[PDB]
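1. Partial complex follows, first chain(s) only, in situ:
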Amino acid sequence: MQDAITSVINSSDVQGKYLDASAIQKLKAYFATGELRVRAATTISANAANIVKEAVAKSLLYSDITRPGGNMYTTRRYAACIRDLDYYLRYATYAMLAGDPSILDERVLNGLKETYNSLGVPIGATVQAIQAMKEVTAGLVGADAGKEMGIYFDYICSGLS
Amino acid sequence: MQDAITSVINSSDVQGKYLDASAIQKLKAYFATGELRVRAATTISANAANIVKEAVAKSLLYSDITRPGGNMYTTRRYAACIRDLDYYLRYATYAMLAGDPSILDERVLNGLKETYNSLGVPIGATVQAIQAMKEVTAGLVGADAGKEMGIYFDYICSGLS
């Protein structure tokens, strides 16, 4: 993986120089809002099984994918979709503390496009679900960290698109 | 994987309705011909070491391929060629017992260009072995059962070329 410090560090390591003051400025901004994210990560892990229930009833339930024909009609295929959304809540909260979307890149979004297209999983319903989920976590953490949590959700929906 | 029963109750599940009289008539069309297949699947299962024995002597034996310079020369290659033929009888009886060539798209037509090309197997001798095997099988099983079995032999070699 990679972390926001270990991306600022590795930017100044392949150049070989020491710690620049712009990089030192790029580390103080991580430490100024580091106290906000560490309280933000507990409040999502408290409600991590709760958010997915509040997300899937916002935009997927009583609709045409959990009805005969859709990909969540078979009720032991809809159980894949709940733990498919358990990953994108877990790894986004990993990427909030990392300060870096590089958790999502080579672990989640590397072969995510090829898995969904080799199954007929609707891309356009997944981005319909994850952008619906982004409103729910911003309601539970507040509008301060909802800008921070909204970035890494939008990184998931961008690379999946 | 599915058969004539589990294609009807798959296609009538996914519309949401129950089993109706248009689809029960499709089951009775399979149930009228079910007694023909169980007599057909029994006689091939008692002669699986002998349909392969004659059909190799029909087209493969005393050829270039049996001789050195051909492919089935070494004893190690030779047995395998019986074994890589013996799946084509066992999986063709399964699709004859199914009433659907959905097994044959799934177990025995995956690598069947790319395994045989990456092993020196000639494709054109396998297709000539199979209608040499279909002629002795339809002679063994009868005229009526020979054309129902004859679909699933000609489903294989059409997908194999």
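-> Yep, it's here. Residues are numbered from 1 along each chain as shown, chains lettered A, B, ... in the order given.
2. contacts, neighbours, all on C-alpha from now
-> Fine.
3. Can you give the distance of stretch A:17-31 from its chain's centre?
-> Put simply, stretch A:17-31 sits 26 Å off its chain's centre (C-alpha atoms, centre = their mean, to the nearest Å).
4. what residues does that stretch touch?
-> A:4, A:5, A:8, A:9, A:12, A:99 (C-alpha atoms under 8 Å, 6 or more residues apart in numbering or on different chains).
5. Name the residues of that stretch that are buried.
-> The neighbour-count check on stretch A:17-31 (16 or more other C-alpha atoms under 10 Å in any protein chain shown) flags residue A:30 as buried.
6. Any idea which residue is closest to the centre of chain A?
-> Nearest residue to the geometric centre of chain A (C-alpha atoms, centre = their mean): residue A:92, 2.9 Å.
7. what sits against that residue?
-> A:104, A:149, A:152, A:153.
8. Just the CA trace of stretch A:56-70, in CSV.
-> Output of stretch A:56-70 as CSV, limited to C-alpha atoms (Å, rounded to 0.1, in the frame of the first residue of the first chain):
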residue,chain,number,x,y,z
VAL,A,56,-29.4,-0.4,0.3
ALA,A,57,-32.8,0.8,1.4
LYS,A,58,-32.1,4.2,0.1
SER,A,59,-31.5,3.2,-3.6
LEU,A,60,-31.6,-0.5,-4.1
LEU,A,61,-34.5,-2.1,-2.2
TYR,A,62,-38.1,-2.1,-3.6
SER,A,63,-36.6,-1.5,-7.0
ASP,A,64,-35.9,-3.4,-10.1
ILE,A,65,-32.8,-5.3,-9.1
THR,A,66,-34.2,-7.0,-6.0
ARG,A,67,-37.1,-8.2,-8.1
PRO,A,68,-37.3,-11.2,-10.6
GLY,A,69,-34.6,-10.7,-13.1
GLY,A,70,-32.3,-8.4,-11.4
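9. one more, chain C:
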Amino acid sequence: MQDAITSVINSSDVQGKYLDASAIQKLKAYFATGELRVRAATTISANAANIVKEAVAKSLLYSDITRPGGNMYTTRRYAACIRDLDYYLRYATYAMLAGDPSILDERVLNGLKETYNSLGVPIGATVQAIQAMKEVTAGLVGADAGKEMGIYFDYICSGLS
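-> To build on what is shown above, here is chain C added in:
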């Protein structure tokens, strides 16, 4: 896999003939140099940390491929690179001892050109490394056996380029 005796058997097996007087001198040229190659391997293995030392000392050290803006720079990537150069020498001991480059084409040259573009390491420095390994080796072993070791060195360099 196969060597100079197994190949000339397998060249004369698939023709169907016996060992003629046109293939025995392929064995007799091997058995004449049979005592030469075994003395060639026993000075490779006694110097195998010094052939890999003197090879990188003419090409890679004190350049700017080991600069901080470079591929070699982190010591994880150094100790792999000596070891990725160890596996070019040790199999070149094998093919000289076998008299046939078939062991190189199975394990060393398996997918090596397509791994290197997938990693990002340069190929044009690697041919400079092994051709620096070739001039160290032929001085150490002898100008007879350095000629036959130079073929199996450049057979890797033919496969990388």
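10. once more on the buried residues of stretch A:17-31, with chain C this time?
-> The neighbour-count check on stretch A:17-31 (16+ other C-alpha under 10 Å) flags residue A:30 as buried.
11. Stretch A:105-121 now?
-> In stretch A:105-121, counting by 16+ other C-alpha under 10 Å, buried: A:105, A:108, A:109, A:121.
12. just curious, which of those residues is nearest to chain B?
-> Chain B lies nearest to residue A:121 out of the buried residues of stretch A:105-121, by C-alpha to the nearest C-alpha, at 16.4 Å.
13. quick revisit: secondary structure element holding the residue nearest to the centre of chain A?
-> Residue A:92 is part of helix A:78-98, with elements assigned from DSSP states H and E.
14. Which single one of the buried residues of stretch A:105-121 is nearest to chain C?
-> Taking C-alpha to the nearest C-alpha as the measure, chain C lies nearest residue A:105 of the buried residues of stretch A:105-121, at 16.5 Å.
15. That closest one: what secondary structure?
-> Assigned by DSSP: H, G, I helix; E, B strand; the rest coil, the conformation of residue A:105 is helix.
16. Flag every residue of chain A that's near chain B.
-> Proximity of chain A to chain B (C-alpha under 8 Å from any C-alpha of the partner chain) is limited to residues A:68, A:69.
17. let's bring in chain D now:
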Amino acid sequence: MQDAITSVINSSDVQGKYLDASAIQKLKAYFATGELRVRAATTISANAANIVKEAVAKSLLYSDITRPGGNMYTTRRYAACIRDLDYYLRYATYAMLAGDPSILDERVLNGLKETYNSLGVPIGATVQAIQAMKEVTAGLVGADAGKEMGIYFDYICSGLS
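-> Below, chain D sits with the chains from the block before:
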């Protein structure tokens, strides 16, 4: 593997009493001298490859035991008994921070008696080595914590002899 903090937790839940007053001064005794242990355990890691410099050089180096015929004379039996002394230091420092010898009889003392009577290892040489390494740590952590480290060193020698 459990420390003195978990041990007073272990002896409090099982009888049906809450976190009472008498458990606190067991924890407050841990919290008083726990600042001493972090000053202790860092400096052992400064000399963890230097205590074993002194381990052979005080009681084992120029002795008759190393002279051909004794137990510590092989290179496979030399280097196996520096790691067998290095593990006895590292697991002592875990117990130096645990406040508890209950990491020793799970991972160190489980099969250590019978593996020395069977492998020809003299017991008296180890306790003349381990108790010799008590006082060199007394010059590195100060007076009081080496007497704390002497408890688990004697717990090794009570559990080895």
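18. I'd like to know how far the residue nearest to the centre of chain A sits from residue D:79.
-> The gap separating residue A:92 from residue D:79 is 47 Å, by C-alpha to C-alpha, to the nearest Å.
19. For chain A, which segments count as helices?
-> Assigned by DSSP state H, chain A shows helices spanning A:4-14, A:21-32, A:34-46, A:48-59, A:78-98, A:102-103, A:112-117, A:123-141, A:143-160.
20. What residues does chain A have near chain C?
-> Taking C-alpha under 8 Å from any C-alpha as the contact definition, chain A meets chain C at A:13, A:14, A:15, A:16.
21. which of the residues you listed tops the neighbour count?
-> Within these, neighbour counts (other C-alpha atoms under 10 Å in any protein chain shown) peak at residue A:13, which reaches 17 neighbours.
22. tell me the phi and psi of the closest residue to it other than its chain neighbours?
-> Once flanking residues are discounted, residue A:13 sits nearest to residue C:68: 7.1 Å by C-alpha to C-alpha, 6 or more residues apart in numbering or on different chains. Phi and psi for residue C:68, reported as degrees, to the nearest 10, are phi -60, psi -30.
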